[PDB]
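Given next, in structure tokens, is a single chain: the form deposited in one PDB entry.
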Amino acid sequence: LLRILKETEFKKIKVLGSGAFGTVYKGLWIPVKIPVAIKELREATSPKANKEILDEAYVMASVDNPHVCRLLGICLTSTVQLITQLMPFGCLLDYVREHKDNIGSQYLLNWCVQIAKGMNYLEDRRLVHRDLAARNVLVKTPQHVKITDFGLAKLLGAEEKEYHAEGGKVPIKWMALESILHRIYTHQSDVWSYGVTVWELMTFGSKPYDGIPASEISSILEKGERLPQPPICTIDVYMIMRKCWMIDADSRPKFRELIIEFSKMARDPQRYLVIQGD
């Protein structure tokens, strides 16, 4: 269930990460004391009132799946603070940068299946993540990754088109064209993001459309430009990524199918990914 917390019930010990909208802490929770992650959002960073935030908090807490992170608790005050379980190995984007030399095909494909498996769970429950990226995927173990930041894009008022945050970046390079142009988020726009995420892993954490300023993405997308085939990728893996980047949303694969397609590949990993020394 969702626990309602007082400030006195937890401590923030170390800064794990920072963002435009807030900061992630390594801390403890004393309901005995156990270690947690604590996401604090800077005051007035959300367009939602406290009733609406508390509602979205219960949805995030109800999330029950191996590959999606669950909200354990919330502290509501002038600033929103969120507690989840701590992942020993941290963010998957950083991991594939630290471990380029050491990561095999099997692993890379297993992560793709799991992200899909979690994204499919969200789709079945009629929920849209709205911010899928590698930075937003955490490592429980090398063999087990989890999707994180579910519900945050909504708390930060991404859906509400009228809103324009000040100093708030948009993950434009992770967004479907219809999300860029019309701020329309669907399960199928999530698939687009899924494709960019796979690309991030296949390149071992290189930046999408590097050198290209954000304001130009829509127009280069409309010219039909896409992220290039990653050196380690066979063309069969790349076409899956490419299919995710279709102008028509209903033609993009579904997470349900992507599990089957990536599972097939993960049973013969070497055939689909060419990595030296593996």
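In case it trips you up, residue 1 is the first one in the sequence shown, and so on. Rigid core: the largest C-alpha set superposing within 1.5 Å between the two forms.
The form deposited in another entry exists for this protein as well; it is not shown, and the discussion that follows is about that form.
Looking at CA displacements between this form and the one not shown with the core superposed, a shift of 2 Å or more is confined, among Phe10, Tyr25, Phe21, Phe262, to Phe21. A movement of the C-alpha atom of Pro66 falling short of 2 angstroms is seen between this form and the one not shown when the two forms are aligned on their rigid core. Taking 2 Å as the criterion, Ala44 counts as shifted between this form and the one not shown: its C-alpha moves by at least this amount when the rigid core is aligned.
A decrease of at least 3 Å in the separation of the C-alpha atoms of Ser193 and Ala44 is found in the other form, compared with the displayed form. Note: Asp190-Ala20 Cα separation is 3 Å or more shorter in the other form than here.
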